[PDB]
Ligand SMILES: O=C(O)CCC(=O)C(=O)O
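Starting off, we have a lone chain in the form solved without the ligand, written out as structure tokens.
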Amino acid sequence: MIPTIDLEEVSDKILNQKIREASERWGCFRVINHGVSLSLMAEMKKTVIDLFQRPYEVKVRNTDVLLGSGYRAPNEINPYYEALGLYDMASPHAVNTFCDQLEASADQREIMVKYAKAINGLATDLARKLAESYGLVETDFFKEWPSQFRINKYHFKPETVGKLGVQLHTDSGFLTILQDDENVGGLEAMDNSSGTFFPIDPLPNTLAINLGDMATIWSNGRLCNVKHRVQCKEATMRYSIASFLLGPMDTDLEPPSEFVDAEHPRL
């Protein structure tokens, strides 16, 4: 069962411990009182629905920077899935480039810029809190790590009902912040101690956090890179916004020394 964590918990040591234990045992958690404007989130979702209605030949202009960071149309691999996105979402130039490509209106440009900075602010706060929950000295470990923005459109038709939308996976980055569709949902995750699945329902004004492959590597196996998938529950349209804190660009990432020792051998 995925825990919900109150980011306005007054005690840092209780908050950090709750974050750490969620992240170790389940690899994901929900946050409430996250500090992100609710109206900004709703405005982002409307912008997303609108960006996906852009002419096809406009969407194809969303070109890759990292492989897969740009536009993807549904195909025979992922029949129900369409996506747009941008690499280095912490860079205002990257965000504007994306807005240029998709012919974002002025308002839409500003929504994106303010969403990017808010969500990215939250991601770096959660990352610092994870370092704090371990009592690490490297409380700035994430500061040269790029983030990636991806917006998704799921199209489920009546034949899809009762089966999966996209199949089971782990994210490859460090941490992911998901603004899921409050009206649809169906995200599910594997409990590694039983193989049983539990749901991550879209509770309104909340965000879903999950950890990825980079977090397990970084914490030398302690953080759970959770396995998850989205199941189709009804033939409908579903929109989600994902923000990925990735690992290092350049460098090949290994763990802070504190994590590696005789009882926790290196990986």
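Residue positions are given as counts along the sequence shown, with the first one as 1.
Legend: mean Cα B-factor per stretch from the PDB entry, 154-162 versus 140-148; the higher mean is in 154-162. Comparing 188-196 with 172-180, the stretch with the higher mean C-alpha B-factor in the PDB entry is 188-196.
Per the PDB entry, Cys232 shows the highest C-alpha temperature factor of the residues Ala242, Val31, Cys224, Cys232. Sorting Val36, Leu207, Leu211, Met237 by the CA temperature factor given in the entry leaves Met237 at the top. The entry lists a Cα temperature factor for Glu21 that places it in the lowest third of the chain's modelled residues. Ranked within its chain, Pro55 lands in the middle third, by CA B factor from the PDB record.
Split the chain's modelled residues into thirds by C-alpha temperature factor. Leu66 is in the highest one. When the modelled residues of the chain are ordered by their C-alpha B factor, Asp107 lands in the highest third. In the PDB entry, a CA B factor belonging to the highest third of its chain's modelled residues is recorded for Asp252.
Beyond the structure shown, there is the form solved in complex with the ligand, which is absent from this document and is the topic of what follows.
The chain is drawn here without the ligand; in the deposited complex, the stretch among 191-199, 89-97, 171-179, 72-80 whose residues come within 4.5 Å of it by any heavy atom is 171-179. In the deposited complex, no residue of the candidate spot (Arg20, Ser133 and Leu136) has a heavy atom lying within 4.5 Å of the ligand. Although the partner is absent here, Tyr154 is a contact residue: one of its heavy atoms lies within 4.5 angstroms of the ligand in the deposited complex. The ligand is not drawn, but in the deposited complex it has a heavy atom within 4.5 Å of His228. Mapping the unseen interface onto this chain, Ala242 counts among the residues with a heavy atom inside 4.5 Å of the ligand in the deposited complex. Under a 4.5 angstroms non-hydrogen atom cutoff, the ligand in the deposited complex lacks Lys59 among its neighbouring residues.
For the residues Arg238, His34, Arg30, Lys45, the 4.5 Å heavy atom test against the ligand in the deposited complex is passed only by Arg238.
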